[PDB]
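Protein chains in written order, with the UniProt record's numbering: chain S, 340 to 388; chain V, 195 to 242; chain F, 381 to 428; chain B, 1 to 147; chain P, 4 to 250; chain E, 3 to 234; chain H, 8 to 251; chain G, 5 to 245; chain Z, 20 to 215; chain A, 4 to 248.
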Amino acid sequence: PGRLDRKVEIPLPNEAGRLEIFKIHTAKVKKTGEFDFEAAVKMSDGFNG
Amino acid sequence: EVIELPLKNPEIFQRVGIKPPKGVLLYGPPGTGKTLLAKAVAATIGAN
Amino acid sequence: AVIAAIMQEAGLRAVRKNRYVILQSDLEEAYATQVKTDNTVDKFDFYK
Amino acid sequence: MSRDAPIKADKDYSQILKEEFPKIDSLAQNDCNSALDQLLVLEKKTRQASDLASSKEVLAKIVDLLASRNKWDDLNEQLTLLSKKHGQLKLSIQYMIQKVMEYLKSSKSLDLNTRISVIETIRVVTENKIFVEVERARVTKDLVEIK
Amino acid sequence: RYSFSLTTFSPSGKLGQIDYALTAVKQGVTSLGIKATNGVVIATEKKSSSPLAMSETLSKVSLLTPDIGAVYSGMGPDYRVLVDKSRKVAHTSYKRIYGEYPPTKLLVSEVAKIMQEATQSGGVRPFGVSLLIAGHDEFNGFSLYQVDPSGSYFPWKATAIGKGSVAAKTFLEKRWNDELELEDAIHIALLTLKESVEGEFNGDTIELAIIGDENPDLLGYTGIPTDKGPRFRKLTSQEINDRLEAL
Amino acid sequence: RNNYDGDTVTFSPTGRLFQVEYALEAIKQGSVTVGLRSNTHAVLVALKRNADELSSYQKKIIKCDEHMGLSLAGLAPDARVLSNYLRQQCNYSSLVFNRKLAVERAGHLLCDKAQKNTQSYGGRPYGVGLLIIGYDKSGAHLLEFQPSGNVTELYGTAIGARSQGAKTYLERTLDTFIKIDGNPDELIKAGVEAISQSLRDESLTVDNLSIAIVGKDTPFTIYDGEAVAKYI
Amino acid sequence: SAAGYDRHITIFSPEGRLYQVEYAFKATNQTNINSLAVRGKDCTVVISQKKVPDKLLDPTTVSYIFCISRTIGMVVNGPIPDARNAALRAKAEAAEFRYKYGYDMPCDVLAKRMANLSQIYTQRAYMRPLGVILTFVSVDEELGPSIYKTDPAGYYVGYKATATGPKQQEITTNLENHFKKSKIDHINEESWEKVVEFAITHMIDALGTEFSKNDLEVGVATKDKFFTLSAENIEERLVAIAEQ
Amino acid sequence: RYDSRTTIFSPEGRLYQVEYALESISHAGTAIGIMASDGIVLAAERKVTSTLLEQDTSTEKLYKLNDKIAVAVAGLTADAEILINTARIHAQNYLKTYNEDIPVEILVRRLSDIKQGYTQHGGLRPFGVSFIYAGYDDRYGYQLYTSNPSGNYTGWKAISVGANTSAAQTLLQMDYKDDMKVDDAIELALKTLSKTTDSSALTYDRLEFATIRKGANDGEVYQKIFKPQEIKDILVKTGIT
Amino acid sequence: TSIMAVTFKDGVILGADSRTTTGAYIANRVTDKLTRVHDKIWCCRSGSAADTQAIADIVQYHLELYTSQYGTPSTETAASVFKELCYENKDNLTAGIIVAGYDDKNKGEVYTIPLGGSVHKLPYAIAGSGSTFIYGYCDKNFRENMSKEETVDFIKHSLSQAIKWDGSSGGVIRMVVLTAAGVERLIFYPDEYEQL
Amino acid sequence: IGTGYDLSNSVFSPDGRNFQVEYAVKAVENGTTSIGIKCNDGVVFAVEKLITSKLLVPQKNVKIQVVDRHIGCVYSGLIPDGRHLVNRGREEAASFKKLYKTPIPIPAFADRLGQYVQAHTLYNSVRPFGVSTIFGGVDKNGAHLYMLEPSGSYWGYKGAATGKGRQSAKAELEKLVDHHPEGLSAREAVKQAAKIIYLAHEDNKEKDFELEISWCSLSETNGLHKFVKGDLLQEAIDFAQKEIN
Ligand SMILES: Nc1ncnc2c1ncn2[C@@H]1O[C@H](COP(=O)(O)OP(=O)(O)O)[C@@H](O)[C@H]1O
Ligand SMILES: [Mg+2]
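Laid out in structure tokens, this is it:
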């Protein structure tokens with residue numbers, strides 16, 4: 340104690356957390372219009388960013 | 195709460211007398227993006 | 381060790397509340413958190 | 001809020017009853033409560049983004065309510081009741097609360113009305129902690145200035 | 004290597020499964036017994052790790068027979084079977100041979116005998132618990148005994164077992180007298196147990212019972228004066244409160 | 003992996019049992035026999051081994067009943083047991099039901115026997131493959147028994163050591179011998195042709211052949227010596 | 008750690024607790040469902056989630072809630088195999104008690120004989136412990152509403168309300184706050200229906216997810232009877248919540 | 005090694021299990037039988053103690069098996085419990101069958117056989133109990149045996165089993181005599197016990213005693229477990245207290 | 020002890036005489052012989068008392084499990100469970116049991132089990148030592164699918180004849196109506212039926 | 004995963020699984036494709052039986068069996084392990100006929116089977132069964148089709164699949180359910196049953212197959228089980244060939 344005193348746990352992005360992660364990424368690369376993000380998140384259940 | 199509060203004012207922690215608290219262990223499965231969060235915390239403070 | 385950690389959480393919460401001193405509410409909340417002894421038998425409650 | 005088709009489907013519902021708005025507006029003079037309930041059917045649903053469907057209707061309605069010297073009491077009870085019961089997404093029901101501040105702050109319909117009314121708004125959103133915790137600032141400044 | 008049969012002895016002697024069973028016992032709740040000259044008081048504390056769980060549902064003080072109750076320290080599941088097997092042997096061996104409940108001394112041997120079998124076989128584990136059994140009979144007086152998962156029994160004036168044993172034991176050593184009332188013995192009991200926990204000590208969560216003198220109240224039938232009521236009596240919370248207030 | 007091969011009650015990750023696969027390997031390690039059949043007859047032809055040339059052979063053909071019989075390939079201990087049990091089933095059928103036990107049902111009971119020891123601790127997969135023939139009401143049938151217990155109806159099959167040369171041969175003539183009917187002799191002939199190609203570094207002798215025939219109007223009979231010297 | 012004796016429930020650890028018996032408490036989150044039961048003032052309601060991940064399954068055979076005997080329910084968490092075996096045993100026990108002792112078997116006597124049976128499975132090495140938490144519900148002939156949770160170790164303890172599953176802790180805290188503020192140990196609602204409504208409200212809150220009439224299965228104990236509700240009776244209760 | 009079953013042998017023809025089971029008996033308290041030609045005295049030391057242990061109303065290593073033969077106990081008490089009960093049944097079974105009490109030699113033989121059986125047969129522990137037998141039967145008079153946990157027996161005129169076996173035996177044979185006396189025998193157990201034990205108090209609370217005599221009455225045989233207050237009384241006389 | 024079970028359009032009504040006889044002494048005046056084994060299946064007992072009693076409880080245990088495990092039991096189903104016990108204990112027990120029950124899909128069904136054991140679907144059954152005097156009355160006056168009131172009258176008359184002509188029949192006239200509406204008890208006193 | 008915990012079928016792993024029981028499922032994967040199509044008036048079973056040597060007699064080896072006389076079963080996995088499971092299912096059904104004198108309810112059947120798998124995961128000298136068994140029929144309560152997994156777990160199904168080609172098999176099965184809300188008429192569900200197995204035989208392209216389809220129908224078999232044979236089976240073959248090209 341006095342070096343590390345607090346522990347902050349990081350878990351996974353949630354069912355509506357996973358949603359946000361798509362949005363940053365699609366913008367970053369090139370795309371022709373995509374909108375299927377409501378389905379894609381269910382397929383991608385339990386994924387890391 | 196851990197970092198930002200005592201940095202602006204060490205002044206409140208000093209009134210109470212309890213030490214301003216430091217040391218955070220970040221953990222979780224890889225790809226969590228906790229190194230990305232390292233940036234976001236210090237982005238608010240504009241900290242180096 | 382358990383006593384040093386109760387006063388530790390007592391001063392931390394105080395700062396969150398934006399009060400300058402501890403202060404019976406800060407002592408009481410922090411008391412009940414980290415009493416220690418029996419805190420992993422919640423799901424192994426065949427133990428008693 | 002999952003899928004884009006169910007939000008649209010509530011906007012259809014909202015739109016048909018906006019034609020009938022002059023009929024709703026007539027029943028508000030008879031008694032204010034009667035006029036609220038027909039709109040409450042579409043906003044109170046399990047699904048979210050329903051006061052963003054129904055945004056077009058309550059934008060006009062809260063001006064009549066505000067402007068009167070009695071109807072703004074039933075207006076405040078309505079704003080608190082949406083918060084607690086549903087409170088839909090972070091922007092939905094939260095919009096109606098926010099629109100009350102704009103119209104209220106500029107109008108000053110009476111001084112007695114304005115002074116109490118602001119207290120009522122701030123009350124609920126101390127409790128809240130999302131998007132109207134940012135809007136909390138807006139109405140706390142306005143109130144503190146009067147005092 | 005000698006640890007993990009029941010069949011393997013160490014070079015130094017003893018069997019490991021018995022040794023490891025004793026470890027198990029000491030993890031359980033703090034329970035204690037004091038022999039008096041007109042009673043025996045037997046006491047334990049209880050928990051459930053969730054307040055939602057009711058505390059009468061559990062019973063950690065159980066009358067074995069009307070004149071002999073018991074407690075434990077150790078694993079919960081093992082107690083409940085072993086008490087069923089004990090009541091059931093109590094009838095077989097002795098409530099058809101005397102036509103009523105057996106003396107205390109007898110029944111200690113019979114329960115100790117089920118332990119001896121749960122060591123004797125291999126591929127059958129010992130029981131996880133150590134009992135205190137206290138009861139009263141008409142020839143040896145009031146009495147107290149410890150029955151270990153070893154299949155050995157030891158007579159005791161006072162003893163404690165479980166987590167708070169080592170501390171409870173030294174407090175008992177000092178404070179015990181050779182002649183105490185039933186009433187004084189209860190006060191030494193509540194107090195001893197209050198060493199183990201404070202601030203969550205109340206009569207609700209403390210189960211404390213006695214084997215005292217006959218009660219005509221729980222006999223349930225009247226007009227036959229040539230049989231004695233239950234020597235065992237369970238005390239309630241509110242009654243424990245009278246004694247805890249009176250301290 | 004190869005460490006789950008210790009016992010039969012334990013599975014491997016990909017899911018096998020190494021013991022059943024091993025019992026299977028044993029069939030190959032033993033004797034060779036070639037089975038084939040026709041709509042009117044069933045014939046087994048098998049190579050008998052001898053330890054040395056002061057040995058006078060060990061028969062591989064077990065008459066089950068006067069309408070059923072089998073050959074063996076692999077462990078001789080294993081075989082003695084399964085045959086004895088099968089003989090019990092035919093007598094049972096006769097006794098209680100008055101019926102020549104059908105070849106189709108029979109293999110399935112054989113399969114049931116097999117699986118008892120595969121499930122259980124103790125026992126062992128039976129170390130032998132058997133080719134069972136019979137002629138019932140539904141004509142000839144020829145069954146292929148496995149250590150797993152799977153029973154497989156064929157026109158012609160062969161098992162045992164280096165038996166694939168009979169299988170390549172039978173495949174070539176398949177439909178040819180199916181047409182051969184009403185002529186027991188010719189099916190014996192074809193069968194000798196099939197087990198010749200399988201052999202290599204040995205050729206046939208009078209006492210290496212045991213030819214086992216049951217057909218339409220003939221019982222099960224095991225032929226030996228001077229009844230296999232028309233087909234030497 | 009390891010060495011022997013996570014391979015045996017008849018051989019102790021140097022801890023004094025059997026490691027494989029502890030694994031049955033880690034085998035209870037396997038199907039990822041959560042249960043809630045609460046007590047009324049003459050009924051017991053128990054609700055556990057239904058997962059039908061594919062349209063191939065029929066939501067009428069997907070259940071975890073069982074009729075054990077006329078007056079007795081059970082909801083199971085953890086795998087289907089030990090669920091059936093436990094349920095069977097219970098069905099057989101309930102049935103037996105009656106011919107021996109006469110009347111309907113109390114929730115408590117059933118729970119206790121199943122707990123004693125779980126402890127035996129751990130006693131012997133030739134039988135493993137079960138892999139389920141059993142939460143039994145009945146309204147008793149003389150003790151009225153009763154919930155007894157029997158864990159796969161052979162521990163059994165009663166409840167005012169209980170929850171089980173992997174998201175349990177969240178329902179458990181939700182319930183602590185509720186029963187503490189009212190200052191009672193019961194729900195004071197006097198029909199079975201408004202007690203089913205309250206239970207729906209509370210599982211929605213705790214987990215934080217709206218559920219559908221194809222994702223709930225609800226069994227209701229009243230005095231003298233037990234029933235499992237179909238999807239269309241379950242909707243009545245839902246539409247009651249959805250506009251009050 | 006060749007620990008792993010009890011139905012194995014070793015490269016040297018020892019069996020580790022028989023040796024290990026034997027060392028178990030030197031973990032439990034001293035037990036002494038001294039035969040004299042005017043009685044046999046059994047004396048034993050306890051292996052447990054404390055001011056709240058009751059041991060002043062009870063015996064737990066002197067059991068009368070039947071009415072003319074008794075044993076002192078050394079070894080595990082759990083192991084001991086079952087075999088004492090079996091031994092008492094067979095001694096007394098003889099009683100029923102033949103309507104005269106069992107001879108000493110037969111009863112020790114029987115119980116040794118039962119012992120041996122647990123090593124010989126099955127997948128069970130040997131029994132780690134060494135019983136000192138003291139009997140009277142009119143065939144050989146006074147008889148002293150002890151049985152090994154290996155499961156065999158040899159007669160004795162003095163023996164000591166239980167803790168500190170080697171030390172006790174040396175002590176006993178320095179001061180023993182063949183003529184002897186029963187009263188000199190009591191004093192001898194008390195003599196040996198002072199030295200052997202690791203408790204320097206050596207008071208009544210640690211001590212068990214029974215003397216079996218045929219000089220007690222005449223034509224009659226008396227087994228007397230002494231009571232705790234007699235055990236105290238004799239400690240003054242030998243001067244240890 | 021005449022017991023009977025008669026079909027009608029909406030169900031089946033089981034009828035009984037509650038006399039219980041150990042020789043010329045009446046052992047108990049009033050004992051219904053109609054003993055429920057399930058909610059909507061009930062049974063009638065005649066012959067040796069003790070034997071039928073023993074058997075009955077054994078049937079309730081089978082049907083407690085049938086409900087529990089495999090969903091609703093049937094009358095057909097139930098009567099088979101009688102037939103099994105009686106037939107295997109044909110040398111130790113003598114039980115004359117009429118099993119009848121009301122289905123919602125087959126309507127009322129009556130299966131009699133005679134003393135050796137068989138199953139016999141029939142519109143009507145009479146069994147016991149009191150039924151052997153009313154055989155003549157029952158066939159002639161019966162017609163299928165009466166209405167309940169008319170049904171009651173026929174049953175009532177037959178069991179009342181049976182007391183007049185059999186001395187081991189007597190006590191109150193019990194009936195248990197097994198209908199969709201529930202289960203209804205009916206009871207009748209001698210003042211009423213001796214006349215009718 | 005880790006070492007140990009596999010070996011013995013009653014050792015629980017630190018993961019809350021029993022590895023031995025999983026390892027069985029993997030053995031079932033290798034077996035030949037089977038499906039069941041439930042209907043609103045029947046059940047259909049179809050199966051992929053590979054012919055692996057052409058000296059085999061055609062239409063003569065089957066993994067279709069009847070149980071009692073009203074319930075169809077078909078298994079995947081290891082064949083003789085699958086024969087024993089249907090075999091205990093015949094003893095149970097048969098016992099049932101003496102005691103209760105009625106055909107088995109299909110859910111009643113499922114309960115009994117589910118217990119047997121659970122017992123051979125319950126000891127240390129028995130072996131966990133390495134088979135699935137799709138089975139069902141039509142009884143008093145209309146049509147029901149169940150699938151029993153080698154874990155000792157079962158459920159009702161509107162469509163069940165097991166085997167190698169089981170992923171392809173589920174894709175077509177779902178489609179059937181959506182275009183047909185009634186749950187598809189039984190007759191046409193035979194022709195459909197052929198086509199789905201033809202598409203699954205393209206993940207097993209190397210070996211020939213023989214198509215065996217059997218059914219149980221209230222309407223067109225009088226509530227009895229019987230195999231589909233002759234011209235009827237021919238139509239199902241011809242339809243399937245058509246729609247795959
Ligand atoms: N919360 C998030 N929002 C957007 N991108 C994210 C988020 N979380 C994870 N990512 C993505 O994952 C990548 C890897 O995370 P990084 O910070 O390198 O992780 P770790 O140390 O946990 O491996 C990120 O650079 C980013 O692209
Ligand atoms: Mg990093």
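For each residue, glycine too, the CB sits at the ideal point set by N, CA and C.
Beta-carbon proximity list for residue i, same chain, < 8 Å, skipping 5 on both sides
i        : result
A/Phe-15 : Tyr-8 and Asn-21
Beta-carbon spacing of residue i, residue j below 8 Å
i         : j         : result
Z/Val-56  : Z/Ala-43  : no
H/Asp-111 : H/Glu-148 : yes
Boundaries of the alpha helix (DSSP H) in which residue i is found, first to last residue
i         : result
P/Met-118 : 107 to 123
A/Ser-98  : 82 to 103
P/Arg-236 : Looking at the DSSP string, P/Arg-236 is not in any alpha helix (DSSP H); the run it does join, the beta strand (DSSP E), is 235 to 237.
H/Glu-242 : 238 to 249
P/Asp-245 : 240 to 248
Close-in-space but distant-in-sequence residues of the same chain around residue i (CB under 7 Å, 5 per side omitted)
i         : result
A/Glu-185 : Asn-43
A/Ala-30  : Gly-80, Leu-81 and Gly-133
Cβ shell of residue i (< 6 Å), same chain only, five flanking positions each side left out
i         : result
G/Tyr-149 : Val-112, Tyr-137, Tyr-157 and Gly-159
Reference residue i; option with closest CA among the options
i         : options                                       : result
P/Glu-242 : P/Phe-7, P/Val-44, P/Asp-207 and P/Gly-16     : P/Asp-207
Z/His-139 : Z/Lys-109, Z/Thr-151, Z/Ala-98 and Z/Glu-103  : Z/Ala-98
G/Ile-36  : G/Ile-106, G/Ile-93 and G/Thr-200             : G/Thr-200
B/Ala-60  : B/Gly-87, B/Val-41, B/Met-96 and B/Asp-111    : B/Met-96
P/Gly-42  : P/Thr-26, P/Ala-212 and P/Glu-198             : P/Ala-212
E/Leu-144 : E/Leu-211, E/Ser-122, E/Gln-199 and E/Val-105 : E/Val-105
Continuous beta strand (DSSP E) stretch holding residue i: start and end
i         : result
P/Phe-157 : 156 to 158
G/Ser-164 : 162 to 165
E/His-43  : 43 to 49
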